Protein chains: 2
Amino acid sequence: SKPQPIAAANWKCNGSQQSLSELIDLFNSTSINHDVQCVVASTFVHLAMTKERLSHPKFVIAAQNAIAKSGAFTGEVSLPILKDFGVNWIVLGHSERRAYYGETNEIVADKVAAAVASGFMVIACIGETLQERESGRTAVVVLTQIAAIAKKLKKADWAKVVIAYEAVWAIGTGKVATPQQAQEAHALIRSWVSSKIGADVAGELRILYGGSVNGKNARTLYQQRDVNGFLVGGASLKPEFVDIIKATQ
Amino acid sequence: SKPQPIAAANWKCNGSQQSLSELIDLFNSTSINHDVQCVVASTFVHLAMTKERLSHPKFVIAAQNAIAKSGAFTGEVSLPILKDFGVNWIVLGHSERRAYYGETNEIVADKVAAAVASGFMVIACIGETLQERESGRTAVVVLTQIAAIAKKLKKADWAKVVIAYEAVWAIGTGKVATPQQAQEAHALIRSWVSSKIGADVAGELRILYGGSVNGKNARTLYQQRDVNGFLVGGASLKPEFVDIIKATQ
């Protein structure tokens, strides 16, 4: 048995007010009989409606991104802004931001540490591409990313840290990730944390699977020793997200 | 005559729920006797409240950025999302996003083209830096930037285009933008438009001044022939933004 699992919805850059309203209420309707933190990471635009319309005691809201401080940064949203808005959870370092929007390992780490310092619960994303997996660089890449983050934190910080292992290599590539492959990656990350931060931090840490997660595959993913729940992409916009949460029992 | 002026508030990455609420109600309180579009560009997070709480007939809400389409773009907000949210104005290509967030001339142009195609009113920002100006490259840079935008648009598109001339070189630098320098930038711009797009377009086009504007300089800036209002930064978070609106009379 395990730390409290997390079922996190990464809606990404998606939703309409009507589509999202209905999903929120489906989420509200769910009876969750176990301890699980559910999280909905909507676009910035949708944070208001979600905050107001989502009333479920097991759900919190998150941002999908931020910058560290307010000021002369047109188009961007900052941590104190989110904080003032009552958002206390945030996803940082998503593969898409690292790929498209200039988030290097250091930029992500700095954002994580800034969010940790401001009181956020952080879902810090790491993980490797297909090309990196196929060139034998899974451990090099993933451990590099997490080392970059961890050197910006101190022990106390890890209470507020969640690590999402995005198996990007396993999303839309032909390669469907087995529970074993998932487990093998999560084990790698947990051993690293044990060895580098300590076995007590490693035992408390939630490591989320953020490859392709759906209603069908979640339970058998979740059952693996070192999988503590999920950061869900496209399925999180659908009813089966409920079955993903249920799969964390 | 001058076309309808625009008084636009760029809040940049600033505001709390309480601070912004008070500011919005001041804006609601204003009595505006002349024809002017006031626009409030808040952070994505504050769009819901601004929309809900701003009730003034001369005001519209705007975003400070978007990407073209919805999808797997964690952290970003798209044009369709904004549209579904009732947001029909947008500021694109702000100096800060060009400087910090990878927006080349092409990227801005592409965003502007997509927003226009989507039915948005677009405040497209151009302008040179202090050292561009002091190397004698004002006209090179500014006309380069508008050309990159214009080549992706067609004639009928321009009814939805506003140009904001950001006098970046004049904000916090010690260099003083006289009304004469504002006017000659604006004239360069409208000349270009007249000569490259058409004198009819150029006569209808709002070219907003977006160097340092405050309640004290605004009237004198407005009275220049080629200035059609303002994209105000710091002063837009303050009461004197009302005086800036009044100055477009």
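Using Swiss-Prot numbers, chain A covers 2-250, in order.
Method on record in the header is X-ray crystallography, 2.1 Å.
The backbone N, Cα and C atoms fix where each Cβ goes, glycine too.
Listed in Swiss-Prot:
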type	residues	note
ACT_SITE	A:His95	active site, electrophile
ACT_SITE	A:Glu167	active site, proton acceptor
BINDING	A:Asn11, A:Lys13	substrate binding site
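Compared over the recorded positions A:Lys13, A:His95, the count of CB atoms lying within 10 A of a residue's CB peaks at A:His95.
When the alpha carbons of A:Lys13 (substrate binding site) and A:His95 (active site, electrophile) are compared, the span between them is 10 angstrom. According to DSSP, A:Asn11 (substrate binding site) is assigned to a strand segment. Around the Cβ of A:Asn11 (substrate binding site), a 10 Å sphere holds 30 further Cβ atoms from the protein chains shown. Proximity of the residue listed as 'active site, proton acceptor' to non-local residues of its own chain (separation of 6 or more, Cβ distance below 8 Å) is seen for A:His95, A:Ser96, A:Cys126, A:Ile127, A:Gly128, A:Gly211, A:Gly212, A:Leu232, given in sequence order.
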